[PDB]
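A single chain comes next, written as C-alpha cells; it is the form deposited in one PDB entry.
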C-alpha cells in the first residue's frame, strides 16, 4: 500500500491565481489553477509553477480549502480575518518563497492541531510597496482558535519572538486597507 497508494491530505485544496489586469474587476481577475488532495499532487503542482518572488507585482497566489472561494464574501470568510505577514523588498529575496512554502505546509499538513478546522486558506500578495502572506481563518470571534493558529504559524516561520504579527478582520479590512486596518489580535 505504501508502495503504490498516494498519501491523502485531510482536505482537498484549490490553488488560485490573481493577475492585476486594471481593466477588469477584482473578482474577474481571479483564476482557478488546480485542485489536489495528496502530498504527491501538491508537489507536482508546486514544482510546476512560478515562485512567488518571480511573479509580476500585482499578482497573488491563494491556496483555499475546496468549497471556499478566496474572497471575503464567501460564507466561510465573511466573519473571519487573517494573520498577516508583511515583507519588505529585501525579504522578497530572503524570506518570501520560504515563508510561502512553509505556509502551504502548515495548511496541507494540518499543523494547527485542534484548530486546523478554522483555517480557510492563505494568500500571498506580490506588491511593489511590500509583499504580504496571510493565513485566513473562519471566525474572528474564536479567540482561542485565532491565537493558537497565530502562535504556531509564527513559530513555524521562525520569526524572532520580538517580531509582532497582527490579525485583521475582513470586515475592517474591507472598509479601509491592509495598512490602515487595526489589529484584533497580536502574536
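C-alpha atoms forming the largest set that superposes within 1.5 Å between two forms make up the rigid core. Numbering follows the first chain given and starts at 1. Shifts are known only where both forms have a C-alpha.
Same protein, other form: the form deposited in another entry, not shown, and the subject of what follows.
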Original post:
Which of 52, 34, 142, 38 has its C-alpha displaced by 2 Å or more between the shown form and the other one after core superposition?
Top reply: 52
Subject >> residue 24 C-alpha shift between the shown form and the other one of 2 Å or more, rigid core reference >> reply: yes
Subject >> Rigid core superposed: residue 178 CA moves 2 Å or more between the shown form and the other one >> reply: yes
Original post:
Closer or farther: the CA pair residue 53/residue 182 in the other entry, versus this form, with a change of 3 Å or more?
Top reply: farther
Original post:
Shorter or longer C-alpha distance for residue 178 and residue 85 in the other entry, given it differs from this form by 3 Å or more?
Top reply: farther
Original post:
Which consecutive stretches of at least 3 residues differ between the shown form and the other one by 2 Å or more at every CA, rigid core held fixed, listed in sequence order?
Top reply: 21 to 25, 50 to 54, 177 to 179
